[PDB]
Amino acid sequence: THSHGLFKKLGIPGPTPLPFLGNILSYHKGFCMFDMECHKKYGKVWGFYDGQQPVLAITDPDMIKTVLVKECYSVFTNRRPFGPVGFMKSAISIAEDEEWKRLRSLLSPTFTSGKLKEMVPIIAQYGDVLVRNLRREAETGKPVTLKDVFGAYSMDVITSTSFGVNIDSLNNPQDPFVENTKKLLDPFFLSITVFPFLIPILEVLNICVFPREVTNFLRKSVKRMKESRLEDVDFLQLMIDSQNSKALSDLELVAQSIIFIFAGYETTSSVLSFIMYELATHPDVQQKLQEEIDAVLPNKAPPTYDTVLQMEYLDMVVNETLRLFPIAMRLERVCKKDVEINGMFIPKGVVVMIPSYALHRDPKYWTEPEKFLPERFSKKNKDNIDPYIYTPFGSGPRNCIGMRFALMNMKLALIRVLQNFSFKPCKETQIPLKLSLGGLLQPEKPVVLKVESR
Ligand code: HEM
Ligand SMILES: CC(C)(C)OC(=O)N[C@H](CN[C@H](Cc1ccccc1)C(=O)NCCc1cccnc1)Cc1ccccc1
């Protein structure tokens with residue numbers, strides 16, 4: 001409670017913190033509502049405390065640019081640590097300073113458009129697997145839970161694009177490879193924020209927020225694949241070729257592989273559910289997209305890398321969905337030095353925070369922000385959108401490295417699925433969708449819809 005004076009001293013407003021707890025009791029409605037509220041109550045900048053940890057929110061796009069881009073390497077290089085990580089210290093998204101700068105370099109060529117175009121044929125084949133599982137549920141007019149069928153697809157793309165493994169997860173939901181990979185503001189991480197001194201305790205104990213079993217399975221599963229291709233197109237290959245030179249270690253390689261799975265599993269699948277919900281409760285947008293897809297790919301023509309970038313309304317739909325549901329919710333950098341940015345003094349050790357969800361729904365930049373209106377991303381209006389207000393993939397050197405992959409992956413899933421099906425609300429569909437009051441951007445109730453064969 002000896003750090004709870006910091007914002008009062010700097011003249012920064014914020015809600016008054018309780019001893020030890022900081023302002024965390026105010027997460028009872030979740031990060032995003034607390035963010036929105038703070039924005040409205042306090043203005044362009046405010047402070048609060050995760051326990052003893054001062055956090056300064058900022059919403060000025062100049063200041064956001066300074067932090068995210070201009071002063072990334074100098075000052076705002078790392079995210080705030082969260083729990084016991086074990087050997088995953090070496091994962092790119094968790095690593096810090098120069099080890100991050102080295103991993104980011106070693107892994108950037110992996111995510112070029114040129115490597116992505118080579119992955120389209122592989123991400124296409126499981127779009128076909130996706131249709132056949134959906135059609136089995138459309139001919140038996142039973143409502144569908146998107147997260148299971150989309151999760152099966154995202155999961156199918158990940159194992160293929162990162163290791164070559166080819167499974168029909170929805171039908172082999174219990175192959176050993178599919179088991180490990182799916183697993184694990186909850187009672188744990190709040191305790192971490194009130195007792196962050198307990199992290200080094202769990203480290204020496206080898207306790208990990210990564211189930212020690214999943215990680216042991218893939219550490220060895222990778223070293224089998226590694227020594228089965230060596231010697232006799234995916235992320236593992238691209239990393240194995242990179243350490244054929246400063247170059248990527250062996251346990252370092254396992255760790256990035258693991259980050260890529262958590263990265264694109266719950267995210268690629270969660271997003272596709274958000275887009276199918278909006279498509280269902282807005283059937284004209286849904287028709288408008290089916291017309292655009294049939295126009296570029298007549299006769300259910302299979303999508304190609306080039307035809308995907310041809311589809312503008314598709315891009316508009318995806319982009320608007322991420323405005324209502326930016327699954328990061330917040331961006332964050334730890335300030336590593338006393339700094340002054342855009343006229344404001346920022347003391348060393350503050351976490352700086354961009355409240356994405358809240359800025360995506362700000363009426364001061366967005367007309368009717370709670371409404372799903374894709375036209376805001378029309379080539380006409382897309383110019384009047386501040387790229388430091390709309391940030392579903394972050395920005396600057398530490399933006400989402402897998403952005404071009406994620407967009408492509410989702411767009412391929414959509415094109416095939418709208419080439420073949422229409423999606424209609426059920427009586428059991430939650431309208432309007434309520435967001436989880438928990439710690440992830442997800443729906444209260446899972447999205448259930450009706451699927452019909454075109
Ligand atoms: C629609 C899906 C996704 C969204 C909305 C998303 C969003 C984000 C955001 C907002 C960040 C933080 C950006 C920042 O701090 O400025 C991030 C980081 C990251 N994402 Fe994504 N992401 C998605 C999917 C993926 C996928 C599929 C991968 C596959 C490899 C991936 C890999 C990463 C990595 C490695 C980072 C950490 C970057 C670093 O610290 O160097 N993400 N993502
Ligand atoms: C700032 C704080 C305290 C949250 O944690 C960090 O220090 N940074 C994050 C590290 N933990 C997560 C989740 C995870 C879960 C299980 C095991 C390991 C990791 C992480 O690895 N995300 C990358 C994967 C990912 C996820 C969604 C979009 N893109 C990529 C990186 C991060 C965080 C939030 C959004 C984006 C990226």
# chains A, B, ... in the order shown; residues from 1 in each chain; ligands from 1
$ residues_around --residues "segment 201-203 of chain A" --least-positions-apart "5" --cutoff "9 Å" --atoms "only C-alpha atoms" --output "PDB file with C-alpha atoms, in the first residue's frame"
ATOM      1  CA  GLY A  83       2.767 -16.449 -13.612  1.00  0.00           C
ATOM      2  CA  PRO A  84       5.217 -19.355 -13.419  1.00  0.00           C
ATOM      3  CA  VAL A  85       6.375 -20.207 -16.934  1.00  0.00           C
ATOM      4  CA  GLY A  86       9.165 -22.762 -16.550  1.00  0.00           C
ATOM      5  CA  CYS A 208       4.001 -24.272 -14.533  1.00  0.00           C
TER       6      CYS A 208
END
$ residues_near_ligand --ligand "ligand 2" --cutoff "9 Å" --atoms "only C-alpha atoms and all ligand atoms" --output "ChimeraX atom specification"
/A:78-83,85,88,91-96,184,209-210,258-268,327-333,393-394,399-403
$ select_by_dssp --residues "segment 86-224 of chain A" --states "alpha helix (DSSP H)" --output "VMD selection string"
chain A and resid 97 to 107 113 to 138 146 to 163 176 to 182 187 to 194 199 to 204 212 to 224
$ closest_residue --among "A:430, A:181, A:242, A:110" --to "residue 216 of chain A" --atoms "only C-alpha atoms"
A:181
$ residues_around --residues "residue 22 of chain A" --least-positions-apart "2" --cutoff "10 Å" --atoms "only C-alpha atoms" --output "count of residues only"
21
$ closest_residue --among "A:164, A:432, A:343, A:302" --to "residue 277 of chain A" --atoms "only C-alpha atoms"
A:432
$ residues_around --residues "residue 170 of chain A" --least-positions-apart "5" --cutoff "10 Å" --atoms "only C-alpha atoms" --output "JSON, numbers by chain"
{"A": [129, 130, 133, 148, 149, 150, 151, 152, 153, 155, 156, 178]}
$ residues_around --residues "residue 97 of chain A" --least-positions-apart "2" --cutoff "7 Å" --atoms "only C-alpha atoms" --output "ChimeraX atom specification"
/A:77-78,99-101
$ closest_residue --among "A:314, A:158, A:192, A:58" --to "ligand 1" --atoms "only C-alpha atoms and all ligand atoms"
A:158
$ residues_around --residues "segment 433-442 of chain A" --least-positions-apart "3" --cutoff "9 Å" --atoms "only C-alpha atoms" --output "VMD selection string"
chain A and resid 27 to 33 185 to 186 270 274 277 325 to 329 429 to 430 445 to 447
$ residues_around --residues "residue 448 of chain A" --least-positions-apart "3" --cutoff "7 Å" --atoms "only C-alpha atoms" --output "PDB file with C-alpha atoms, in the first residue's frame"
ATOM      1  CA  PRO A 143     -28.471 -26.966 -34.009  1.00  0.00           C
ATOM      2  CA  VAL A 144     -24.677 -26.689 -34.099  1.00  0.00           C
ATOM      3  CA  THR A 145     -22.254 -25.420 -31.481  1.00  0.00           C
ATOM      4  CA  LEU A 146     -19.720 -23.396 -33.431  1.00  0.00           C
ATOM      5  CA  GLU A 428     -31.751 -21.310 -28.193  1.00  0.00           C
ATOM      6  CA  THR A 429     -29.430 -18.685 -29.711  1.00  0.00           C
TER       7      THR A 429
END
$ closest_residue --among "A:316, A:198, A:134, A:69" --to "ligand 1" --atoms "only C-alpha atoms and all ligand atoms"
A:69
$ select_by_dssp --residues "segment 346-421 of chain A" --states "strand (DSSP E)" --output "PyMOL selection string"
chain A and resi 346+351-354+421
